[PDB]
Amino acid sequence: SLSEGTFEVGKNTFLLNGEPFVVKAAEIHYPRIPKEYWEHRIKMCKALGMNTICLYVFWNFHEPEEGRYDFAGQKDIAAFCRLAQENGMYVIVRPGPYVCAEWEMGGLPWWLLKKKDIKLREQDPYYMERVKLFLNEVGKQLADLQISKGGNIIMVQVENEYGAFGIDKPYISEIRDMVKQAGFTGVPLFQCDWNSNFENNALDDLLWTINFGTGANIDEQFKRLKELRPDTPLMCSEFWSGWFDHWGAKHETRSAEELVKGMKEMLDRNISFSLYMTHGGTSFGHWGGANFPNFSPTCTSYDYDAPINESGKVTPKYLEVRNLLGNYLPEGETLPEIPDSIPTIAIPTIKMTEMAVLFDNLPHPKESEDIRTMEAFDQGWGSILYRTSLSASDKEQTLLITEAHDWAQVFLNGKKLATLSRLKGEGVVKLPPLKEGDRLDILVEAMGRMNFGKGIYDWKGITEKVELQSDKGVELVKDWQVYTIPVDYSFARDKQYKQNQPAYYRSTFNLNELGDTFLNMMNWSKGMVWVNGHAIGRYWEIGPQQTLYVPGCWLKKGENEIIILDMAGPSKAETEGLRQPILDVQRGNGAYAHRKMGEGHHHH
């Protein structure tokens, strides 16, 4: 076997193979970076002056269906770690089960919600059992990569900021035991929390660390920790810097100044850290999360205004941090060279030739007397259509959908009547006089499940009931035909394309030269996109994001295929490839209630 290296918690310092070592880590999310660019992004982190990469492990990404573990291709976290080792970069693993990170349900799998009374992030028998099985799989993948086994992994995390969730040491203790039983026994295990709550779940046999963002007061952050443990090395597990967007909210950026300063204060005290988002990348497909308690979906782009932008390019911020770090290098040391950027191409207008109307391409219906959530129909992602028939009526009636989780379109005999957005907490629809048998269609699109606090308990579809009010009172609407519309590329491809309402659009285009491009979705309403089978992510006319990053590595010389699922109908069925992204263009009326639009001068 390979020789055994070590990483230890020393006296006021970390020791890498017996020598003091300051962890200068780059936070990276392997699911948000095309597997073909992992190497490139790793090199960018290296030339930046980082010596370590911190990796959250996204549970639902690897086990989208109970029992169906996946660690191949984009999900091959071992491959990423090896790539990291091949570039002399150490790794710190945060194996979940919960990771937050503005990701779908904070990393927890939707199928856990199939158990109505499931209790998350505590010793619920079913939850704990799945956590143990998931961790064991992660162990089979990364345990042999611990530094103690010739690998590059120096530390492993126990849970994630539990202090901001509750107080349950027995739970944390069991999680710790599972991590150890999973195979991670050769390196130190650590906890991370806030200066104001780390004592609530702090275990004595574990390293304690603190998380905070730009503008924090270093001394005020570690003051208490030094008291409890005078000899413990200090580490800001996650230094949050930058800004991630939300649909319907103004785009923002953070100054390189404040960052460089914050990073210098810690460096000047030999305080270890992980720049929370050295490279954000993209929340491809349906993986983006959402804010809690006020539902707010994050944009597809996870640029974060990080040193390394979404497409992996150098930014003024990169240079400023690279130059800063370049000073704290060992005596007689030179920073590695900055890798060349990936070329960008502009693709000429692509006209969607084929079109397939969703209502004319429905899967088999699931029949249900009462309303049930999407998960109750064994679906975790995509859209879900609740259809029924209504009795005749002479006068107008009103429909109250009690919690269309996320975004719904309501149709009467195919004609759109209304659009209800969870961002505004809407739920009422006006019905005109009805004829016996009129068809009521309620198409509910599920966006990301909230990823913070109790937001993880986020059921999609219609959560409780649908009520009809008439001159005779209010009654529940029952007897439903339920159609689950999955996000699988396979489902989007298998449609009756031919040649207002929800539809799949398709077209092929030829390329003679490759490179990264940004699809202009300015002509479209809302939905998701696939290019050569890859799920590029969601888009929404309201912005701030208007383009979708498409990696050149997912493009091919010759014929390329693009499929777009548009929910409300485009202004024009065509898109184009730009060489620059659009992340600061908003459209339409406020997507949120005025008190959250953050602006008031002369409304009305």
# chains A, B, ... in the order shown; residues from 1 in each chain; ligands from 1
>>> select_by_dssp(residues="range 49-79 of chain A", states="alpha helix (DSSP H)", output="list in words")
residues 59, 60, 61, 62, 77, 78 and 79 of chain A
>>> write_last_selection(atoms="C-alpha atoms", output="mmCIF file, in the first residue's frame")
data_model
loop_
_atom_site.group_PDB
_atom_site.id
_atom_site.type_symbol
_atom_site.label_atom_id
_atom_site.label_comp_id
_atom_site.auth_asym_id
_atom_site.auth_seq_id
_atom_site.Cartn_x
_atom_site.Cartn_y
_atom_site.Cartn_z
ATOM 1 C CA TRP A 59 -26.459 13.780 -1.680
ATOM 2 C CA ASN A 60 -29.444 14.196 -4.020
ATOM 3 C CA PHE A 61 -27.070 14.566 -6.978
ATOM 4 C CA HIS A 62 -25.668 11.073 -6.322
ATOM 5 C CA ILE A 77 -16.178 13.028 -7.088
ATOM 6 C CA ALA A 78 -13.233 10.621 -6.761
ATOM 7 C CA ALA A 79 -12.028 11.625 -10.234
#
>>> closest_atom_pairs(of="range 336-429 of chain A", to="range 281-291 of chain A", cutoff="12 Å", atoms="only C-alpha atoms", output="tab-separated table")
residue	atom	partner	partner_atom	distance
A:380	CA	A:286	CA	10.4
A:381	CA	A:286	CA	7.4
A:382	CA	A:286	CA	7.9
A:383	CA	A:286	CA	11.2
A:406	CA	A:290	CA	10.4
A:422	CA	A:290	CA	11.4
A:423	CA	A:291	CA	10.3
>>> write_last_selection(atoms="C-alpha atoms", output="mmCIF file, in the first residue's frame")
data_model
loop_
_atom_site.group_PDB
_atom_site.id
_atom_site.type_symbol
_atom_site.label_atom_id
_atom_site.label_comp_id
_atom_site.auth_asym_id
_atom_site.auth_seq_id
_atom_site.Cartn_x
_atom_site.Cartn_y
_atom_site.Cartn_z
ATOM 1 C CA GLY A 380 -39.442 15.046 -7.265
ATOM 2 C CA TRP A 381 -38.608 17.365 -10.149
ATOM 3 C CA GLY A 382 -40.294 19.055 -13.084
ATOM 4 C CA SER A 383 -43.904 20.137 -13.527
ATOM 5 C CA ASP A 406 -43.760 27.586 -7.176
ATOM 6 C CA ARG A 422 -45.165 31.512 -5.269
ATOM 7 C CA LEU A 423 -42.747 34.440 -5.252
#
>>> residues_around(residues="range 39-41 of chain A", least_positions_apart="5", cutoff="8 Å", atoms="only C-alpha atoms", output="number ranges by chain")
A: 80, 83-84, 279, 312, 339
>>> write_last_selection(atoms="N, CA and C atoms", output="mmCIF file, in the first residue's frame")
data_model
loop_
_atom_site.group_PDB
_atom_site.id
_atom_site.type_symbol
_atom_site.label_atom_id
_atom_site.label_comp_id
_atom_site.auth_asym_id
_atom_site.auth_seq_id
_atom_site.Cartn_x
_atom_site.Cartn_y
_atom_site.Cartn_z
ATOM 1 N N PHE A 80 -12.526 13.883 -9.486
ATOM 2 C CA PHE A 80 -12.222 15.286 -9.212
ATOM 3 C C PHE A 80 -11.105 15.379 -8.173
ATOM 4 N N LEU A 83 -7.874 14.471 -9.713
ATOM 5 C CA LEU A 83 -7.400 15.592 -10.509
ATOM 6 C C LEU A 83 -6.759 16.609 -9.580
ATOM 7 N N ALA A 84 -7.396 16.841 -8.436
ATOM 8 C CA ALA A 84 -6.873 17.789 -7.465
ATOM 9 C C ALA A 84 -5.505 17.342 -6.967
ATOM 10 N N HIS A 279 -14.795 30.010 -7.313
ATOM 11 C CA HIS A 279 -15.397 29.767 -8.610
ATOM 12 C C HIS A 279 -16.742 29.143 -8.311
ATOM 13 N N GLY A 312 -15.063 30.493 -16.058
ATOM 14 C CA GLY A 312 -13.684 30.222 -15.673
ATOM 15 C C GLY A 312 -12.642 31.221 -16.138
ATOM 16 N N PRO A 339 -3.682 29.501 -16.260
ATOM 17 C CA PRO A 339 -4.032 28.724 -17.452
ATOM 18 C C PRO A 339 -4.739 29.606 -18.471
#
>>> closest_residue(among="A:477, A:342, A:376, A:593", to="residue 579 in chain A", atoms="only C-alpha atoms")
A:342
>>> closest_residue(among="A:330, A:242, A:95, A:297", to="residue 591 in chain A", atoms="only C-alpha atoms")
A:297
>>> residues_around(residues="residue 48 in chain A", least_positions_apart="4", cutoff="9 Å", atoms="only C-alpha atoms", output="MDAnalysis selection string")
chainID A and resid 43:44 307 318:319 321:323 325:326 335:338
>>> write_last_selection(atoms="N, CA, C and O atoms", output="PDB file, in the first residue's frame")
ATOM      1  N   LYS A  43      -6.738  24.229 -11.940  1.00  0.00           N
ATOM      2  CA  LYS A  43      -5.516  24.973 -12.224  1.00  0.00           C
ATOM      3  C   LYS A  43      -5.699  26.462 -11.945  1.00  0.00           C
ATOM      4  O   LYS A  43      -4.770  27.130 -11.491  1.00  0.00           O
ATOM      5  N   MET A  44      -6.894  26.988 -12.205  1.00  0.00           N
ATOM      6  CA  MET A  44      -7.163  28.400 -11.942  1.00  0.00           C
ATOM      7  C   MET A  44      -7.048  28.673 -10.447  1.00  0.00           C
ATOM      8  O   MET A  44      -6.562  29.726 -10.031  1.00  0.00           O
ATOM      9  N   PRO A 307     -13.865  35.316  -7.892  1.00  0.00           N
ATOM     10  CA  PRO A 307     -12.609  35.648  -8.573  1.00  0.00           C
ATOM     11  C   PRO A 307     -12.572  34.993  -9.947  1.00  0.00           C
ATOM     12  O   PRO A 307     -12.146  35.600 -10.935  1.00  0.00           O
ATOM     13  N   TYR A 318      -9.842  38.366  -9.475  1.00  0.00           N
ATOM     14  CA  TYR A 318      -8.918  37.242  -9.490  1.00  0.00           C
ATOM     15  C   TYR A 318      -7.500  37.799  -9.315  1.00  0.00           C
ATOM     16  O   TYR A 318      -6.775  37.414  -8.395  1.00  0.00           O
ATOM     17  N   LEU A 319      -7.128  38.727 -10.191  1.00  0.00           N
ATOM     18  CA  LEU A 319      -5.803  39.347 -10.168  1.00  0.00           C
ATOM     19  C   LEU A 319      -5.436  39.942  -8.819  1.00  0.00           C
ATOM     20  O   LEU A 319      -4.321  39.758  -8.333  1.00  0.00           O
ATOM     21  N   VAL A 321      -6.613  39.132  -5.886  1.00  0.00           N
ATOM     22  CA  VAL A 321      -6.445  38.105  -4.858  1.00  0.00           C
ATOM     23  C   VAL A 321      -5.183  37.299  -5.178  1.00  0.00           C
ATOM     24  O   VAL A 321      -4.431  36.929  -4.276  1.00  0.00           O
ATOM     25  N   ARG A 322      -4.950  37.025  -6.459  1.00  0.00           N
ATOM     26  CA  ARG A 322      -3.766  36.267  -6.869  1.00  0.00           C
ATOM     27  C   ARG A 322      -2.487  36.986  -6.466  1.00  0.00           C
ATOM     28  O   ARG A 322      -1.509  36.357  -6.067  1.00  0.00           O
ATOM     29  N   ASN A 323      -2.507  38.308  -6.574  1.00  0.00           N
ATOM     30  CA  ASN A 323      -1.344  39.099  -6.238  1.00  0.00           C
ATOM     31  C   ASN A 323      -1.193  39.160  -4.736  1.00  0.00           C
ATOM     32  O   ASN A 323      -0.078  39.129  -4.222  1.00  0.00           O
ATOM     33  N   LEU A 325      -2.244  36.842  -2.377  1.00  0.00           N
ATOM     34  CA  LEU A 325      -1.762  35.532  -1.969  1.00  0.00           C
ATOM     35  C   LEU A 325      -0.310  35.308  -2.377  1.00  0.00           C
ATOM     36  O   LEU A 325       0.445  34.656  -1.660  1.00  0.00           O
ATOM     37  N   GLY A 326       0.073  35.849  -3.530  1.00  0.00           N
ATOM     38  CA  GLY A 326       1.431  35.687  -4.013  1.00  0.00           C
ATOM     39  C   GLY A 326       2.520  36.155  -3.062  1.00  0.00           C
ATOM     40  O   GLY A 326       3.693  35.837  -3.261  1.00  0.00           O
ATOM     41  N   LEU A 335       4.319  31.983  -7.760  1.00  0.00           N
ATOM     42  CA  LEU A 335       2.973  31.507  -8.048  1.00  0.00           C
ATOM     43  C   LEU A 335       2.906  30.814  -9.396  1.00  0.00           C
ATOM     44  O   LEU A 335       3.558  31.226 -10.350  1.00  0.00           O
ATOM     45  N   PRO A 336       2.123  29.732  -9.485  1.00  0.00           N
ATOM     46  CA  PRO A 336       2.003  29.014 -10.753  1.00  0.00           C
ATOM     47  C   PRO A 336       1.414  29.939 -11.810  1.00  0.00           C
ATOM     48  O   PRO A 336       0.835  30.975 -11.487  1.00  0.00           O
ATOM     49  N   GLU A 337       1.564  29.567 -13.072  1.00  0.00           N
ATOM     50  CA  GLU A 337       1.038  30.377 -14.156  1.00  0.00           C
ATOM     51  C   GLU A 337      -0.477  30.237 -14.290  1.00  0.00           C
ATOM     52  O   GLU A 337      -1.062  29.218 -13.914  1.00  0.00           O
ATOM     53  N   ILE A 338      -1.108  31.280 -14.816  1.00  0.00           N
ATOM     54  CA  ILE A 338      -2.545  31.270 -15.016  1.00  0.00           C
ATOM     55  C   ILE A 338      -2.834  30.538 -16.316  1.00  0.00           C
ATOM     56  O   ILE A 338      -2.293  30.881 -17.364  1.00  0.00           O
TER      57      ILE A 338
END
>>> select_by_dssp(residues="range 142-214 of chain A", states="strand (DSSP E)", output="ChimeraX atom specification")
/A:153-157,189-193,207-213
>>> closest_residue(among="A:42, A:564, A:57, A:306", to="residue 353 in chain A", atoms="only C-alpha atoms")
A:564
>>> residues_around(residues="range 245-257 of chain A", least_positions_apart="5", cutoff="6 Å", atoms="only C-alpha atoms", output="ChimeraX atom specification")
/A:297-299,305,317,542-544,584,591
>>> closest_residue(among="A:140, A:264, A:439, A:24", to="residue 92 in chain A", atoms="only C-alpha atoms")
A:24
>>> residues_around(residues="residue 500 in chain A", least_positions_apart="4", cutoff="10 Å", atoms="only C-alpha atoms", output="list in words")
residues 357, 414, 415, 416, 566, 567, 568, 569, 570 and 571 of chain A
>>> write_last_selection(atoms="N, CA and C atoms", output="short mmCIF file (atom, residue, chain, number, x, y, z; two decimals), in the first residue's frame")
data_model
loop_
_atom_site.label_atom_id
_atom_site.label_comp_id
_atom_site.auth_asym_id
_atom_site.auth_seq_id
_atom_site.Cartn_x
_atom_site.Cartn_y
_atom_site.Cartn_z
N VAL A 357 -46.60 20.59 -28.56
CA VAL A 357 -47.45 21.13 -27.50
C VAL A 357 -47.57 20.14 -26.35
N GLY A 414 -58.23 24.74 -22.29
CA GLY A 414 -57.05 25.09 -23.06
C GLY A 414 -56.66 26.56 -23.08
N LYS A 415 -57.57 27.44 -22.70
CA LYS A 415 -57.28 28.87 -22.70
C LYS A 415 -56.72 29.31 -21.34
N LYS A 416 -55.54 29.93 -21.35
CA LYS A 416 -54.91 30.38 -20.12
C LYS A 416 -55.77 31.44 -19.43
N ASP A 566 -40.57 25.74 -23.13
CA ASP A 566 -41.05 27.08 -22.80
C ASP A 566 -42.48 26.94 -22.29
N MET A 567 -42.74 27.51 -21.12
CA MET A 567 -44.05 27.41 -20.47
C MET A 567 -45.18 28.33 -20.93
N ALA A 568 -44.86 29.56 -21.35
CA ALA A 568 -45.90 30.50 -21.75
C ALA A 568 -45.87 30.92 -23.21
N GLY A 569 -44.89 30.45 -23.97
CA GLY A 569 -44.79 30.82 -25.37
C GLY A 569 -43.83 31.97 -25.59
N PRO A 570 -42.86 31.80 -26.49
CA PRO A 570 -41.86 32.84 -26.78
C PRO A 570 -42.40 33.98 -27.64
N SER A 571 -41.72 35.12 -27.60
CA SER A 571 -42.11 36.26 -28.42
C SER A 571 -41.75 35.88 -29.85
#
>>> closest_residue(among="A:453, A:388, A:361, A:460", to="residue 166 in chain A", atoms="only C-alpha atoms")
A:453
>>> residues_around(residues="residue 293 in chain A", least_positions_apart="3", cutoff="9 Å", atoms="only C-alpha atoms", output="list in words")
residues 296, 450, 452, 453, 454 and 455 of chain A
>>> decode(residues="range 132-148 of chain A", atoms="N, CA, C and O atoms", output="mmCIF file, in the first residue's frame")
data_model
loop_
_atom_site.group_PDB
_atom_site.id
_atom_site.type_symbol
_atom_site.label_atom_id
_atom_site.label_comp_id
_atom_site.auth_asym_id
_atom_site.auth_seq_id
_atom_site.Cartn_x
_atom_site.Cartn_y
_atom_site.Cartn_z
ATOM 1 N N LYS A 132 -26.816 6.967 6.570
ATOM 2 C CA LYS A 132 -25.748 6.003 6.791
ATOM 3 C C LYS A 132 -25.387 5.327 5.478
ATOM 4 O O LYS A 132 -24.216 5.191 5.148
ATOM 5 N N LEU A 133 -26.397 4.911 4.719
ATOM 6 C CA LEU A 133 -26.143 4.258 3.442
ATOM 7 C C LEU A 133 -25.449 5.201 2.451
ATOM 8 O O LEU A 133 -24.540 4.796 1.713
ATOM 9 N N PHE A 134 -25.865 6.462 2.439
ATOM 10 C CA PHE A 134 -25.248 7.424 1.538
ATOM 11 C C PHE A 134 -23.794 7.650 1.943
ATOM 12 O O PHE A 134 -22.889 7.613 1.109
ATOM 13 N N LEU A 135 -23.570 7.883 3.229
ATOM 14 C CA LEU A 135 -22.219 8.107 3.705
ATOM 15 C C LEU A 135 -21.318 6.916 3.392
ATOM 16 O O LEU A 135 -20.177 7.096 2.965
ATOM 17 N N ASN A 136 -21.821 5.699 3.596
ATOM 18 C CA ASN A 136 -21.016 4.521 3.307
ATOM 19 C C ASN A 136 -20.577 4.509 1.848
ATOM 20 O O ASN A 136 -19.461 4.084 1.540
ATOM 21 N N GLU A 137 -21.447 4.972 0.951
ATOM 22 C CA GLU A 137 -21.103 5.012 -0.471
ATOM 23 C C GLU A 137 -20.025 6.062 -0.719
ATOM 24 O O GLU A 137 -19.119 5.849 -1.530
ATOM 25 N N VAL A 138 -20.129 7.196 -0.029
ATOM 26 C CA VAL A 138 -19.144 8.259 -0.176
ATOM 27 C C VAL A 138 -17.805 7.730 0.342
ATOM 28 O O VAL A 138 -16.749 8.009 -0.221
ATOM 29 N N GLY A 139 -17.863 6.958 1.422
ATOM 30 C CA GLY A 139 -16.649 6.387 1.979
ATOM 31 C C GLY A 139 -15.976 5.449 0.987
ATOM 32 O O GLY A 139 -14.754 5.481 0.835
ATOM 33 N N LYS A 140 -16.756 4.612 0.307
ATOM 34 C CA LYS A 140 -16.183 3.691 -0.670
ATOM 35 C C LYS A 140 -15.505 4.477 -1.789
ATOM 36 O O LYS A 140 -14.544 4.011 -2.412
ATOM 37 N N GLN A 141 -16.005 5.680 -2.035
ATOM 38 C CA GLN A 141 -15.455 6.522 -3.079
ATOM 39 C C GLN A 141 -14.235 7.343 -2.678
ATOM 40 O O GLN A 141 -13.322 7.505 -3.480
ATOM 41 N N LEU A 142 -14.206 7.848 -1.444
ATOM 42 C CA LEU A 142 -13.108 8.725 -1.026
ATOM 43 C C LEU A 142 -12.193 8.345 0.137
ATOM 44 O O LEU A 142 -11.151 8.981 0.328
ATOM 45 N N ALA A 143 -12.570 7.344 0.923
ATOM 46 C CA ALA A 143 -11.750 6.955 2.070
ATOM 47 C C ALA A 143 -10.305 6.634 1.696
ATOM 48 O O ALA A 143 -9.367 7.023 2.395
ATOM 49 N N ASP A 144 -10.116 5.925 0.594
ATOM 50 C CA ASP A 144 -8.767 5.582 0.170
ATOM 51 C C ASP A 144 -8.003 6.778 -0.375
ATOM 52 O O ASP A 144 -6.886 6.631 -0.846
ATOM 53 N N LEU A 145 -8.609 7.961 -0.312
ATOM 54 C CA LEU A 145 -7.949 9.174 -0.782
ATOM 55 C C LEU A 145 -7.558 10.084 0.382
ATOM 56 O O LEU A 145 -7.089 11.205 0.179
ATOM 57 N N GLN A 146 -7.754 9.596 1.604
ATOM 58 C CA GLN A 146 -7.357 10.354 2.785
ATOM 59 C C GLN A 146 -5.843 10.539 2.687
ATOM 60 O O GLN A 146 -5.152 9.717 2.075
ATOM 61 N N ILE A 147 -5.317 11.601 3.282
ATOM 62 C CA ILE A 147 -3.879 11.819 3.210
ATOM 63 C C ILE A 147 -3.162 10.663 3.900
ATOM 64 O O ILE A 147 -2.052 10.289 3.515
ATOM 65 N N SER A 148 -3.817 10.082 4.900
ATOM 66 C CA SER A 148 -3.265 8.952 5.642
ATOM 67 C C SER A 148 -3.177 7.690 4.782
ATOM 68 O O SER A 148 -2.753 6.637 5.255
#
